[PDB]
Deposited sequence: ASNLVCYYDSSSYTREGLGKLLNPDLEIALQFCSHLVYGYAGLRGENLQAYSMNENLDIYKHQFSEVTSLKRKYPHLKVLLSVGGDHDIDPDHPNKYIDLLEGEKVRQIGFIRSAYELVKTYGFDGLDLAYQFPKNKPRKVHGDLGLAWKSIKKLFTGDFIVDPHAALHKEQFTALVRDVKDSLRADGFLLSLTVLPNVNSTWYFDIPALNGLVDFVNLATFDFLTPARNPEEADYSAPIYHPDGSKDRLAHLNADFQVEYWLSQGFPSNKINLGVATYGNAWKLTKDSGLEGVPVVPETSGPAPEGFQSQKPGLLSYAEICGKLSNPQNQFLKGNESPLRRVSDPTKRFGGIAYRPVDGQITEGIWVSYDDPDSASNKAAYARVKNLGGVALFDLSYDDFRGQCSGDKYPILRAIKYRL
């Protein structure tokens, strides 16, 4: 099976423990079948593909430092990913749709630019992690041209593929969290156009989208215990959906995240950790390593879990408690409620090595092509949690 490892290059320049330099990157490569370099973006002035950190990717040669890793790993495939929800442009918030709705000249510009990036820097292919509009978050019609958009995307994928054929370059698509395949993906038309598809079957709920309640963010199956949870929000529904639409199972990769979604709790959230957790208050304070409110890396989460040793810590240092439904269907929970001394409450939905392993087993059972891991920079590459580096990656590979 495949093990498609995403690499967010912004991780190269992170300060402290979050920094992922190339020697640490390379260690993942005895487990990854594919490396995907993230993320190129769209220029708001003409929507061509371009590096969102030219100084690093191009002027300090990081694109080709990473693709030249194939010299050391002759079976490794390296792709370049566009979008990935990392193309954040408040100045041009309609780029991805405008590219779909674009005139030939505009689309050709993108196709040519994206092609140039792949070829010039030694990549084996392109990942279209298209930033479509997502499911509207339920609080407490987003796109009325979805069907037009679906058609335009199919056509754009065909033309992109066409540009890559002569070189034999791969094309993958990534269906990003809460991107709805009914609205945008003409799945029977894609089998003949793309080498594989990555379903990002995680972040179904996040503190950014769902600041006022918390629930499992990447369960395999639907948890009946989560009241009123939308039934398409689980990995199995997404996978079966793609299979339903006639996509070959072995061209599908199951997305698994290495980071957790972390909500700030309130007194009114109560003391129990099984979701749905009410009266939450947006993202939890950022971690010191990952510096992203509402996100924590696996090492940051592992580092907070309660043990007999850290038992003595109190107040806002008291350790997090594990909640782990024994059916292995839903994924991990670690939390600390607002209570007395504890003023800073937090609820984290995440996969650890065991639960990621579970996802890998499911993928194997469903005869999928493999797993796509988002991303190496939040796996514990330094070995902080147990001493073993890349504990989530290795656990997944064990079971594919």
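Comparing the deposited sequence with the modelled residues shows gaps at 1, 142 to 160, with numbering starting at 1.
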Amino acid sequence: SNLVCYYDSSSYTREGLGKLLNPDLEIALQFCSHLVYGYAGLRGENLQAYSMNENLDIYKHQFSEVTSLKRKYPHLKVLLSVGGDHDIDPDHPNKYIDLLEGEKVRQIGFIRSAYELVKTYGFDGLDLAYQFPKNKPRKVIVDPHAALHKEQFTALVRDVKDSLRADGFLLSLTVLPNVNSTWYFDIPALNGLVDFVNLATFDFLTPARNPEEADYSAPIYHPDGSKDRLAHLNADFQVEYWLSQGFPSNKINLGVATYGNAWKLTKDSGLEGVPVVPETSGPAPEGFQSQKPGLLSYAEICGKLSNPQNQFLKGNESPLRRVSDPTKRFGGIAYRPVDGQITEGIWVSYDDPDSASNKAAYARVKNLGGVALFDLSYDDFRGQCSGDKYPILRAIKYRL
From here on, numbers count along this sequence of modelled residues.
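Taking the PDB entry as given, 54 to 62 carries the higher mean Cα B factor of the two stretches 348 to 356 and 54 to 62. Judged by mean Cα B factor in the deposited record, 301 to 309 ranks above the other of 287 to 295 and 301 to 309. Among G273, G168, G260, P177, the highest C-alpha B-factor recorded in the PDB entry belongs to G273. Of the candidates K161, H75, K150, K139, it is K139 whose Cα B-factor is highest according to the PDB record. Annotation for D380: C-alpha temperature factor in the lowest third relative to the rest of the modelled chain, per the entry. Ranked within its chain, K264 lands in the lowest third, by CA B factor from the PDB record.
Among all modelled residues in its chain, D325 ranks in the highest third by Cα B-factor. The entry lists a Cα temperature factor for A214 that places it in the lowest third of the chain's modelled residues. For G255, the recorded CA temperature factor ranks within the lowest third of the chain's modelled residues.
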